[PDB]
Amino acid sequence: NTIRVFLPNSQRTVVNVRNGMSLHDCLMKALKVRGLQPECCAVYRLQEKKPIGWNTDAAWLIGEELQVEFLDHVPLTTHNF
Ligand SMILES: *[C@@H](c1ccc(OCC(N)=O)c(OC)c1)[C@H]1C(=O)c2ccccc2N1C(C)=O
């Protein structure tokens, strides 16, 4: 049960989905092997780009195309403690 995921810089990957798996868990490895972390990105369902969260249950998205974008490079609030 595969989902098509478009990535930044014209890249693209297919990921496998099991029931209950979150989007984060479904995409973690496919992003890691391309040098990307979900925490640095936003994800969308193509339907237009509709934003969805990283805790979306990916089983409901089988059959759709998703898109991953980098978050804009703006400073984060300090969290060192
Ligand atoms: C990726 C990363 C990039 C940008 C982030 O947020 C930008 C924003 N204002 O929302 C982000 O949030 C977690 C992550 C990578 C970084 O480039 C980076 C900078 C600072 C802190 C953490 C990170 N990054 C992570 C989480 O790997």
# chains A, B, ... in the order shown; residues from 1 in each chain; ligands from 1
>>> residues_around(residues="residue 23 in chain A", least_positions_apart="2", cutoff="7 Å", atoms="only C-alpha atoms", output="mmCIF file with N, CA and C atoms, in the first residue's frame")
data_model
loop_
_atom_site.group_PDB
_atom_site.id
_atom_site.type_symbol
_atom_site.label_atom_id
_atom_site.label_comp_id
_atom_site.auth_asym_id
_atom_site.auth_seq_id
_atom_site.Cartn_x
_atom_site.Cartn_y
_atom_site.Cartn_z
ATOM 1 N N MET A 21 -0.109 3.716 11.310
ATOM 2 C CA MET A 21 1.116 4.498 11.103
ATOM 3 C C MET A 21 0.817 5.975 10.898
ATOM 4 N N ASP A 25 5.781 8.748 10.934
ATOM 5 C CA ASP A 25 6.446 7.447 10.936
ATOM 6 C C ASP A 25 6.550 6.865 9.537
ATOM 7 N N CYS A 26 5.574 7.149 8.693
ATOM 8 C CA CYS A 26 5.586 6.643 7.321
ATOM 9 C C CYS A 26 6.696 7.257 6.492
ATOM 10 N N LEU A 27 7.026 8.515 6.745
ATOM 11 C CA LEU A 27 7.923 9.264 5.891
ATOM 12 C C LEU A 27 9.323 9.392 6.465
ATOM 13 N N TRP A 54 1.667 16.161 10.899
ATOM 14 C CA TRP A 54 2.536 14.991 10.921
ATOM 15 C C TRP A 54 1.939 13.826 11.706
ATOM 16 N N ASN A 55 0.889 14.045 12.510
ATOM 17 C CA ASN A 55 0.245 12.929 13.191
ATOM 18 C C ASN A 55 -0.963 12.399 12.432
ATOM 19 N N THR A 56 -1.181 12.858 11.200
ATOM 20 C CA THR A 56 -2.243 12.266 10.376
ATOM 21 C C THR A 56 -2.049 10.762 10.260
ATOM 22 N N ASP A 57 -3.157 10.017 10.306
ATOM 23 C CA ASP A 57 -3.096 8.562 10.111
ATOM 24 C C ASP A 57 -2.963 8.303 8.622
ATOM 25 N N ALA A 58 -1.786 7.810 8.199
ATOM 26 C CA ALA A 58 -1.473 7.725 6.775
ATOM 27 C C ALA A 58 -2.344 6.727 6.013
#
>>> residues_near_ligand(ligand="ligand 1", cutoff="9 Å", atoms="only C-alpha atoms and all ligand atoms", output="ChimeraX atom specification")
/A:36-41,70-77
>>> residues_around(residues="residue 12 in chain A", least_positions_apart="3", cutoff="12 Å", atoms="only C-alpha atoms", output="list in words")
residues 3, 4, 5, 6, 7, 8, 9, 15, 27, 30, 31, 34, 65, 66, 67, 68 and 69 of chain A
>>> write_last_selection(atoms="N, CA and C atoms", output="short mmCIF file (atom, residue, chain, number, x, y, z; two decimals), in the first residue's frame")
data_model
loop_
_atom_site.label_atom_id
_atom_site.label_comp_id
_atom_site.auth_asym_id
_atom_site.auth_seq_id
_atom_site.Cartn_x
_atom_site.Cartn_y
_atom_site.Cartn_z
N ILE A 3 2.09 5.24 -1.06
CA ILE A 3 1.68 6.63 -1.25
C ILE A 3 2.78 7.33 -2.03
N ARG A 4 2.38 8.18 -3.00
CA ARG A 4 3.34 8.98 -3.77
C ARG A 4 3.61 10.27 -3.02
N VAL A 5 4.89 10.60 -2.81
CA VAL A 5 5.23 11.83 -2.06
C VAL A 5 6.19 12.68 -2.88
N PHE A 6 5.76 13.90 -3.25
CA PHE A 6 6.64 14.81 -3.95
C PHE A 6 7.44 15.55 -2.90
N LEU A 7 8.72 15.72 -3.18
CA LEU A 7 9.66 16.32 -2.26
C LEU A 7 10.25 17.60 -2.84
N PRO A 8 10.94 18.41 -2.03
CA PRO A 8 11.54 19.63 -2.57
C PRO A 8 12.54 19.30 -3.66
N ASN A 9 12.81 20.30 -4.51
CA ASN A 9 13.84 20.20 -5.55
C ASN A 9 13.50 19.12 -6.58
N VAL A 15 6.31 5.67 -0.50
CA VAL A 15 6.46 5.14 0.85
C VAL A 15 5.37 4.11 1.07
N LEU A 27 7.03 8.51 6.75
CA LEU A 27 7.92 9.26 5.89
C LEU A 27 9.32 9.39 6.47
N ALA A 30 12.30 7.64 4.48
CA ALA A 30 12.42 8.15 3.12
C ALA A 30 12.97 9.57 3.12
N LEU A 31 12.66 10.36 4.15
CA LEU A 31 13.26 11.68 4.23
C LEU A 31 14.71 11.61 4.70
N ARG A 34 17.40 11.04 2.21
CA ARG A 34 17.66 12.18 1.34
C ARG A 34 18.18 13.39 2.11
N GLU A 65 -1.83 11.82 -3.52
CA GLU A 65 -0.46 12.29 -3.65
C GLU A 65 -0.21 13.31 -2.54
N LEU A 66 0.96 13.25 -1.91
CA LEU A 66 1.33 14.21 -0.88
C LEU A 66 2.49 15.03 -1.38
N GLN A 67 2.70 16.17 -0.73
CA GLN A 67 3.82 17.03 -1.07
C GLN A 67 4.48 17.49 0.23
N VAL A 68 5.81 17.45 0.25
CA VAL A 68 6.60 17.92 1.40
C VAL A 68 7.36 19.17 0.99
N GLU A 69 7.31 20.21 1.85
CA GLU A 69 8.04 21.46 1.61
C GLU A 69 8.89 21.80 2.81
#
>>> atom_distance(atom1="CA of residue 19 in chain A", atom2="CA of residue 48 in chain A")
25.7 Å
>>> atom_distance(atom1="CA of residue 29 in chain A", atom2="CA of residue 80 in chain A")
26.7 Å
>>> atom_distance(atom1="CA of residue 24 in chain A", atom2="CA of residue 79 in chain A")
22.1 Å
>>> select_by_dssp(residues="chain A", states="strand (DSSP E)", output="PDB file with N, CA, C and O atoms, in the first residue's frame")
ATOM      1  N   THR A   2       1.098   1.796  -1.185  1.00  0.00           N
ATOM      2  CA  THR A   2       2.073   2.858  -1.330  1.00  0.00           C
ATOM      3  C   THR A   2       1.385   4.202  -1.497  1.00  0.00           C
ATOM      4  O   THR A   2       0.271   4.306  -2.019  1.00  0.00           O
ATOM      5  N   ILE A   3       2.094   5.241  -1.057  1.00  0.00           N
ATOM      6  CA  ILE A   3       1.680   6.629  -1.247  1.00  0.00           C
ATOM      7  C   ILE A   3       2.780   7.331  -2.034  1.00  0.00           C
ATOM      8  O   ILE A   3       3.977   7.116  -1.782  1.00  0.00           O
ATOM      9  N   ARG A   4       2.375   8.176  -3.001  1.00  0.00           N
ATOM     10  CA  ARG A   4       3.339   8.982  -3.768  1.00  0.00           C
ATOM     11  C   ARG A   4       3.610  10.274  -3.021  1.00  0.00           C
ATOM     12  O   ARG A   4       2.653  10.986  -2.703  1.00  0.00           O
ATOM     13  N   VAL A   5       4.888  10.599  -2.806  1.00  0.00           N
ATOM     14  CA  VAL A   5       5.234  11.834  -2.060  1.00  0.00           C
ATOM     15  C   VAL A   5       6.187  12.680  -2.884  1.00  0.00           C
ATOM     16  O   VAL A   5       7.318  12.263  -3.139  1.00  0.00           O
ATOM     17  N   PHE A   6       5.758  13.900  -3.248  1.00  0.00           N
ATOM     18  CA  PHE A   6       6.637  14.811  -3.947  1.00  0.00           C
ATOM     19  C   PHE A   6       7.442  15.547  -2.901  1.00  0.00           C
ATOM     20  O   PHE A   6       6.907  15.932  -1.858  1.00  0.00           O
ATOM     21  N   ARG A  12      11.113  12.895  -5.612  1.00  0.00           N
ATOM     22  CA  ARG A  12       9.862  12.168  -5.416  1.00  0.00           C
ATOM     23  C   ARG A  12      10.169  10.777  -4.896  1.00  0.00           C
ATOM     24  O   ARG A  12      11.187  10.192  -5.247  1.00  0.00           O
ATOM     25  N   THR A  13       9.281  10.246  -4.056  1.00  0.00           N
ATOM     26  CA  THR A  13       9.531   8.968  -3.411  1.00  0.00           C
ATOM     27  C   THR A  13       8.195   8.275  -3.188  1.00  0.00           C
ATOM     28  O   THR A  13       7.156   8.931  -3.121  1.00  0.00           O
ATOM     29  N   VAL A  14       8.215   6.943  -3.132  1.00  0.00           N
ATOM     30  CA  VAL A  14       7.048   6.170  -2.743  1.00  0.00           C
ATOM     31  C   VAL A  14       7.304   5.592  -1.367  1.00  0.00           C
ATOM     32  O   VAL A  14       8.381   5.053  -1.106  1.00  0.00           O
ATOM     33  N   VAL A  15       6.312   5.672  -0.498  1.00  0.00           N
ATOM     34  CA  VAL A  15       6.461   5.140   0.848  1.00  0.00           C
ATOM     35  C   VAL A  15       5.371   4.106   1.073  1.00  0.00           C
ATOM     36  O   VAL A  15       4.287   4.172   0.488  1.00  0.00           O
ATOM     37  N   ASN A  16       5.674   3.125   1.917  1.00  0.00           N
ATOM     38  CA  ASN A  16       4.718   2.083   2.264  1.00  0.00           C
ATOM     39  C   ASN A  16       3.966   2.474   3.528  1.00  0.00           C
ATOM     40  O   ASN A  16       4.528   3.090   4.433  1.00  0.00           O
ATOM     41  N   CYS A  41      10.039  20.423   7.985  1.00  0.00           N
ATOM     42  CA  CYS A  41       9.228  20.431   6.793  1.00  0.00           C
ATOM     43  C   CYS A  41       7.766  20.579   7.147  1.00  0.00           C
ATOM     44  O   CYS A  41       7.367  20.361   8.284  1.00  0.00           O
ATOM     45  N   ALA A  42       6.994  20.919   6.130  1.00  0.00           N
ATOM     46  CA  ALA A  42       5.536  20.898   6.193  1.00  0.00           C
ATOM     47  C   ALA A  42       5.056  19.899   5.160  1.00  0.00           C
ATOM     48  O   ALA A  42       5.738  19.663   4.160  1.00  0.00           O
ATOM     49  N   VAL A  43       3.869  19.332   5.384  1.00  0.00           N
ATOM     50  CA  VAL A  43       3.381  18.307   4.460  1.00  0.00           C
ATOM     51  C   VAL A  43       1.953  18.663   4.078  1.00  0.00           C
ATOM     52  O   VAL A  43       1.233  19.304   4.848  1.00  0.00           O
ATOM     53  N   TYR A  44       1.569  18.288   2.846  1.00  0.00           N
ATOM     54  CA  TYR A  44       0.292  18.643   2.251  1.00  0.00           C
ATOM     55  C   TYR A  44      -0.292  17.444   1.543  1.00  0.00           C
ATOM     56  O   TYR A  44       0.437  16.583   1.073  1.00  0.00           O
ATOM     57  N   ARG A  45      -1.617  17.428   1.461  1.00  0.00           N
ATOM     58  CA  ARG A  45      -2.348  16.510   0.604  1.00  0.00           C
ATOM     59  C   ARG A  45      -2.735  17.266  -0.662  1.00  0.00           C
ATOM     60  O   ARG A  45      -3.250  18.385  -0.583  1.00  0.00           O
ATOM     61  N   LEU A  46      -2.486  16.676  -1.826  1.00  0.00           N
ATOM     62  CA  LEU A  46      -2.850  17.317  -3.082  1.00  0.00           C
ATOM     63  C   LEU A  46      -4.260  16.872  -3.463  1.00  0.00           C
ATOM     64  O   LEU A  46      -4.536  15.672  -3.557  1.00  0.00           O
ATOM     65  N   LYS A  49      -2.828  22.450  -2.688  1.00  0.00           N
ATOM     66  CA  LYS A  49      -2.102  21.926  -1.536  1.00  0.00           C
ATOM     67  C   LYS A  49      -2.918  22.190  -0.291  1.00  0.00           C
ATOM     68  O   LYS A  49      -3.139  23.351   0.065  1.00  0.00           O
ATOM     69  N   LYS A  50      -3.311  21.134   0.405  1.00  0.00           N
ATOM     70  CA  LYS A  50      -4.028  21.290   1.657  1.00  0.00           C
ATOM     71  C   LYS A  50      -3.138  20.847   2.812  1.00  0.00           C
ATOM     72  O   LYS A  50      -2.674  19.693   2.816  1.00  0.00           O
ATOM     73  N   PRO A  51      -2.830  21.688   3.791  1.00  0.00           N
ATOM     74  CA  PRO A  51      -1.887  21.275   4.833  1.00  0.00           C
ATOM     75  C   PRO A  51      -2.476  20.214   5.738  1.00  0.00           C
ATOM     76  O   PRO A  51      -3.664  20.235   6.076  1.00  0.00           O
ATOM     77  N   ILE A  52      -1.629  19.271   6.122  1.00  0.00           N
ATOM     78  CA  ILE A  52      -2.016  18.227   7.060  1.00  0.00           C
ATOM     79  C   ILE A  52      -0.891  18.062   8.057  1.00  0.00           C
ATOM     80  O   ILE A  52       0.276  18.339   7.757  1.00  0.00           O
ATOM     81  N   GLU A  65      -1.825  11.815  -3.515  1.00  0.00           N
ATOM     82  CA  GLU A  65      -0.464  12.288  -3.646  1.00  0.00           C
ATOM     83  C   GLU A  65      -0.215  13.313  -2.536  1.00  0.00           C
ATOM     84  O   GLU A  65      -1.088  14.128  -2.253  1.00  0.00           O
ATOM     85  N   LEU A  66       0.965  13.250  -1.911  1.00  0.00           N
ATOM     86  CA  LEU A  66       1.332  14.214  -0.876  1.00  0.00           C
ATOM     87  C   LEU A  66       2.491  15.031  -1.379  1.00  0.00           C
ATOM     88  O   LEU A  66       3.165  14.660  -2.330  1.00  0.00           O
ATOM     89  N   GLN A  67       2.700  16.168  -0.727  1.00  0.00           N
ATOM     90  CA  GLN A  67       3.818  17.030  -1.065  1.00  0.00           C
ATOM     91  C   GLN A  67       4.482  17.486   0.227  1.00  0.00           C
ATOM     92  O   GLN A  67       3.795  17.909   1.171  1.00  0.00           O
ATOM     93  N   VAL A  68       5.813  17.450   0.253  1.00  0.00           N
ATOM     94  CA  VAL A  68       6.600  17.921   1.396  1.00  0.00           C
ATOM     95  C   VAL A  68       7.363  19.172   0.991  1.00  0.00           C
ATOM     96  O   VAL A  68       7.979  19.210  -0.078  1.00  0.00           O
ATOM     97  N   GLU A  69       7.314  20.206   1.851  1.00  0.00           N
ATOM     98  CA  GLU A  69       8.036  21.460   1.607  1.00  0.00           C
ATOM     99  C   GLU A  69       8.888  21.798   2.810  1.00  0.00           C
ATOM    100  O   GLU A  69       8.548  21.474   3.940  1.00  0.00           O
ATOM    101  N   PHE A  70       9.999  22.508   2.582  1.00  0.00           N
ATOM    102  CA  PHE A  70      10.756  22.977   3.722  1.00  0.00           C
ATOM    103  C   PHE A  70      10.053  24.136   4.406  1.00  0.00           C
ATOM    104  O   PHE A  70       9.493  25.000   3.743  1.00  0.00           O
TER     105      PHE A  70
END
>>> select_by_dssp(residues="chain A", states="helix (DSSP H, G or I)", output="PyMOL selection string")
chain A and resi 23-32+38-40+58-61
>>> write_last_selection(atoms="C-alpha atoms", output="compact mmCIF listing (two decimals), in the first residue's frame")
# COMPACT_ATOMS: atom_id res chain seq x y z
CA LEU A 23 2.53 10.36 8.48
CA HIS A 24 5.67 11.14 10.48
CA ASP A 25 6.45 7.45 10.94
CA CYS A 26 5.59 6.64 7.32
CA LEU A 27 7.92 9.26 5.89
CA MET A 28 10.78 9.33 8.43
CA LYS A 29 13.18 6.95 6.65
CA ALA A 30 12.42 8.15 3.12
CA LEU A 31 13.26 11.68 4.23
CA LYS A 32 16.31 10.66 6.27
CA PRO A 38 10.09 15.89 9.09
CA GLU A 39 10.59 18.48 11.81
CA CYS A 40 12.10 20.85 9.22
CA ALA A 58 -1.47 7.72 6.78
CA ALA A 59 -3.82 4.79 6.04
CA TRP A 60 -6.54 7.30 5.22
CA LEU A 61 -4.28 8.90 2.56
